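Chains as they are written, first to last, in the deposited numbering: chain A, 426 to 529; chain B, 219 to 735; chain C, 426 to 632; chain D, 219 to 425; chain E, 219 to 425. The beta carbon of each residue, even a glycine, is placed where N, CA and C say it ideally should be. In what follows, a structure is listed as structure tokens, so that the remarks can point back to it.
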Amino acid sequence: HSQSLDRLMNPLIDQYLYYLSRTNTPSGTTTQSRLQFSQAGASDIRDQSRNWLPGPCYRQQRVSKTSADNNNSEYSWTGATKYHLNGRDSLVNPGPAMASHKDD
Amino acid sequence: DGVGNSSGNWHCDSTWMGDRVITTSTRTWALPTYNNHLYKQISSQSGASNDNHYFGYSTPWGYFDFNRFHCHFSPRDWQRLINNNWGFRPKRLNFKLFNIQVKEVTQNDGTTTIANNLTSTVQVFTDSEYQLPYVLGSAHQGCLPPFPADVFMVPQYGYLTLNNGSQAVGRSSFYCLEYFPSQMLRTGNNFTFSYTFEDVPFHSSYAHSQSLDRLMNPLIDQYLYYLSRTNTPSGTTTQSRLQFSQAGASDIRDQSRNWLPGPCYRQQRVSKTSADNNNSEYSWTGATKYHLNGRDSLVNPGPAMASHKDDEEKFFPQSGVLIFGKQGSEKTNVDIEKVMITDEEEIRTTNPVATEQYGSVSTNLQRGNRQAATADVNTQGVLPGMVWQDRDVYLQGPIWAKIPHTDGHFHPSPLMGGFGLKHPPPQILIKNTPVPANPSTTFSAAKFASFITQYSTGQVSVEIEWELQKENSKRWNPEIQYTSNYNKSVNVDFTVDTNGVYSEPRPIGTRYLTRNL
Amino acid sequence: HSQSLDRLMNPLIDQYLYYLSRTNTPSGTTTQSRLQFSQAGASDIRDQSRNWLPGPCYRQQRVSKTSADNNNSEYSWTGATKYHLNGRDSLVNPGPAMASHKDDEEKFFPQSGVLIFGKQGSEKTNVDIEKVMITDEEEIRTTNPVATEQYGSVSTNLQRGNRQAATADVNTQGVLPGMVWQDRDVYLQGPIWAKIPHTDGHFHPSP
Amino acid sequence: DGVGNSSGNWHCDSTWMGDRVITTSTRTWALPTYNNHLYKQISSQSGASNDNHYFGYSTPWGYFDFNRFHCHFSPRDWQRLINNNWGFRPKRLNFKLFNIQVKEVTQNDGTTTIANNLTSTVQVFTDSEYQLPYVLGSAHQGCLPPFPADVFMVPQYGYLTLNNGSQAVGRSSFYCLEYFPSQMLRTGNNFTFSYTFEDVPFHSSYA
Amino acid sequence: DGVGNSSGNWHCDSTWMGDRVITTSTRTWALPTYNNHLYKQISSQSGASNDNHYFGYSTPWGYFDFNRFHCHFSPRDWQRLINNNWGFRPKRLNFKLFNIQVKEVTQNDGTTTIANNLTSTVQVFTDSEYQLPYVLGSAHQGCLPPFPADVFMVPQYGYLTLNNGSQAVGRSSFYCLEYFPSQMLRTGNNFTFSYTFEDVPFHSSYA
């Protein structure tokens, strides 16, 4: 995909929907709670209204290819992601389709 | 197709003829020159959050959008829709552009002069094969106005692409829009296309008169047992004896049931009364958010959950509700009086409340010395046996959204409400053809940077046919319906004021009739 | 099912895929971290690559038929698995179709994850376990989780050279792609049908 | 239907052919922009009598009215009508709009300049199903002139609604007139409709 | 063929349908007056190298050239061409000129004013019998731009002839281009011709 799920809109146009942008306001020096609302554009891009949300997960432990970043312990079964079926534990391998890492 | 000959008429009507309603609109538009005829790489600034980095392109092209229900329905036509129908969906649309006038505008040192330019064209195409990025269905400004006498400005088309911060990726696609076949229109020429909506379900425009837990006969017991007691007072030692009971109307909370409520994803709870809210900055730290490629995006509005429970109407969630602005509301940091917070209280029957847990599950295995401990479920996926309602649609909310072309999707209803369409109504892109100024009398291989300043105007018609779903209730008592109040006021609702400014006072949802589960 | 979901392969042939089998190696006496990979056969059978994973769960408290193993407290509502709808709590009964117990452990029904039928001439309130007929979902141990145990475990942090890998067990698990499961058994004195509620959305409308 | 082509001729005549008379008129009109294209809530001022309180709306729309007898009869044609007939009534009418010229007017700091705008339209519809408030028949100014050489100004359309003083009632109806189908007319285009009067009695034109 | 009527549409596309690809481009051009409508003898200056002496003529005529591969192929269409084909060659072309606007420009002492001139023509011919000197195929600037949104300027036509230094030879041919039949085009008129490429070999697009 040449587009990510969160970046699926026109950056140039705002939305007509509001989101709760602030919770408190500095009324002098007491900082009372006043709910404030904003429309989201390209500047506040992380908090727009969206129609969809990402697929399911089932968290895995993270292992490095560089051997110095890995933890010096036996975690290949104790730190393993596993399911429990009729009283025995089976390694989830490879499991549901998730991304192996993020950017950079 | 001449200069002094009209190329189309004003069609702005709504006809109800049974199981169908056709809604026709007509608006006047104005299209300026965007980017001074240039394509420009746009991105976020270098000093910005990682969540807010973007990369994309702005085009000289404008686009027509009519993805709001007030673009096609008047408030009286919306009231006919919602008090008489258990459901509705779109069937087909018809689009027209006509009476196009390209005005040339000359700034000569004191006074703007505007003249006609009869031999100038306007390029129009539709992206009917879905090979441009689809920016519609993202709740943007610049649609057709709610009121037919208003003239609107055509918004500039732009798309985002892949980014690594504010930079580009090798998989980032650039799209030239003059690489499509477009129809060139002078005055006298017109544009028209038709579109057939795919088989979409009816939008459920009813509430439920029964909740999911109250779906049985109160008068008859069940033949099934449940574990009702764990210990018995055998003298004074209170030994453990498992005891079982049949559940009736007295023990109504613990009956055997076939179904269970739809999925949740908990939101923080915010009060409309400002004194009940917490005095801290929690609008991003206390926010419900998802994590995608290392950046956090606000879940807004998310999966369709109830905004509050009974007798507790002053609590919307935080970002689990469409928040519409009132007329004349500025874009940043407005108080709650300037906005119209919607409500999902009709789906309390099948959906969980957005600010509460799903339920509780056990976390250990109890023994003679270990006790039973339960943890509450704040995020609940999809189980077999779940039934739920989608988000309500509003008169100023979106109509459709494009389903993203992916390998997998579960229940492709748009989370902002509306009709999920694999093939939505196509993008209608529009652009003034560049008319250059006088070139130099010697040849220059450089491209033209000097153009005659001009804009276009004209009329636009959208005619959507909607399929209705009539109600067949055998309900005795009268139903809740959307009504106007008869109490006098300085201004009639959904009406211009003394300055000619049209305003919509409240969001009108579509769920007023009832239906049994 | 005569096969369980984890035992769905040829024991005689290895897989061509690797899995992370070891994390550290004894390089002398310092025990440095070196990631090591193996192919899984019948000897390391718990950690093969699999195409599917078990159906959804929603954990129940575990109750014994033998009255001496149960906890001496009132947990029939406080330790109960329940959902919360319009501000009131309703008992999840029997809920999604899960196995009532695992192997060699038949004296444990869950708590309210099982249809409990009454014997003939049983009064309606507060009867002992001899007056009722507790059913059993032991045939769906092949694809469904046990109702009284966790689904599995997922990581909760990102381990580093000084942070270790910690896992939290999954007690409530929704629906993932790749799930397969069986529905609840029907009984001679159980219901035949139910009406699906007229709503906008429903997933897998089995009662 | 072109720029330099007339879309209608001057018909201003009266023909007496027995038990019928057909009266044809033609006038030149001028339509300005009303309310600067706005709908405006109008009402009485707060300091006013209770008899004089009103509530309504002004529209950008103009309206044509010909509800005066001098619009159709000359004084010599009226004299033929009244000295020879015991009664008269209308039977049918025919309406036309034609030779429409949209003039653009520019105020540049010293002098009004007026130019043609050839590609500009004018929206015309008839409310033939009587679902707008009917403001004709209230003896208002702005009809066709008695004399055919006079140029008249098209009056602004406005209606009153229910009021409680100068305020509004919940039953007050607002009418958008761009919510009707209208015919858009450039230069070259024309408008026409016909109408048949219902069976009305003869007006008793005798003593 | 009128003033307010388009004489052609924007075709800028590429269709791949087997052993053929059709590449269509559309550009906007601007043609000024060249030499102030004059034919001029041009030559090298008298102080110049012998290698650099030339003799020829400049014309008032502009010329259209599309003898660059980016005039017809986008970079994505060029990438489809080169990673999938051992060879390619042209078969036929189709040329169009349309939507022609002759703007009159008046310098009055402070400000350039530009107006339409509706009754003014533009002379277009093709030299399809190869009896003018062929200046294309010499890698000159002024072709169609690589990018479809760019507006280009039509280059001035000129040819060289025989010289003896900066002077002329008796065999030097002068060519008047108003001695050809040309098509005169106002606004509303358009120009079109077709051409069939001769049997040329495939360009070897392999290593």
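Closest in alpha carbon position to E/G280, among B/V653, B/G546, B/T659, B/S580, is B/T659.
B/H426 is the residue among B/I332, B/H426, B/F343, B/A590 whose C-alpha sits nearest the C-alpha of B/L735.
Contact between the segment 694–702 of chain B and the segment 264–283 of chain B is absent, with fewer than three C-beta pairs closer than 8 Å. Not one beta carbon of chain B lies nearer than 8 Å to the beta carbon of A/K507. At least 8 Å separates the beta-carbon of B/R245 from that of B/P419. Looking at the DSSP output, D/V239 sits in a beta bridge with D/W234. Here the alpha carbons of C/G603 and A/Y483 stand approximately 12 Å from one another.
Excluding its 5 nearest sequence neighbours in each direction, D/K309 has C-beta neighbours in its own chain below 6 Å: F415, listed in chain order. In the DSSP assignment, no residue is bridged to B/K490. The continuous alpha helix (DSSP H) containing E/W296 extends over residues 293–300. Going by C-alpha positions, B/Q486 is about 46 Å away from C/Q464. Beta-bridge annotation (DSSP): B/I554 is not paired with any residue. In this structure, the straight-line span from the alpha carbon of B/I682 to that of A/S501 is close to 60 Å. Listed as beta-bridge partners of B/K258 by DSSP are B/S276. Using beta-carbon distances, C/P481 does not count as an interface residue toward chain A, since no partner is under 8 Å. Identification of residues in the segment 403–424 of chain D having a C-beta nearer than 8 Å to some C-beta of chain B yields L403, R404, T405, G406, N407, given in sequence order. Contact annotation: B/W606 and B/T550 have beta-carbon atoms that are not nearer than 8 Å. Between C/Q486 and chain A, the shortest Cβ-Cβ separation is not below 8 Å.
By the C-beta density criterion, D/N407 is buried, having at least 16 other C-beta atoms within 10 angstroms.
B/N334 is positioned such that its CB atom lies closer than 8 Å to that of D/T337. The DSSP-derived three-state label of B/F370 is strand. For D/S346 and D/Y393, the gap between their C-alpha atoms comes out near 15 Å. Rounded to the nearest angstrom, the Cβ distance from D/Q263 to B/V708 is 13 Å, too far for a contact under 8 Å.
Between B/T242 and B/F291 the beta-carbon gap is near 11 Å, outside 8 Å, which marks them as no contact. Under the DSSP assignment, B/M604 falls in the beta strand (DSSP E) whose first and last residues are 604–606. For B/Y673, the enclosing beta strand (DSSP E) stretches over residues 672–688. Taking 8 Å as the upper bound for CB-CB distance, C/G626 and B/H629 are in contact here, some 6 Å apart. Those residues of the segment 553–584 of chain B placed with their C-beta closer than 8 Å to a C-beta in chain C are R566, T567, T568, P570, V571, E574, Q575, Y576, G577, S578, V579, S580, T581, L583, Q584, ordered along the chain. Beta-bridge partners of E/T337 (DSSP): none assigned.
Taking C-alpha positions only, C/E562 is separated from C/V611 by approximately 10 Å. Below 8 Å, enough C-beta pairs join the segment 435–447 of chain A and the segment 347–360 of chain B to call them touching: three or more. Using a Cβ-Cβ cut-off of 8 Å, A/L460 counts as an interface residue toward chain B, since at least one Cβ of chain B sits closer than that to its own.
Contact annotation: D/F287 and D/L380 have beta-carbon atoms that are not nearer than 8 Å. B/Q645 places its beta carbon less than 8 Å from that of B/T344. Considering only beta carbons, the part of the segment 696–713 of chain B lying closer than 8 Å to chain D consists of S702, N703, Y704, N705, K706, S707, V708, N709, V710, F712, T713, in chain order. The beta carbon of B/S489 sits closer than 7 Å to the beta carbons of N495, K532, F533 from its chain, once the five residues preceding and following it are set aside; these are given in chain order.
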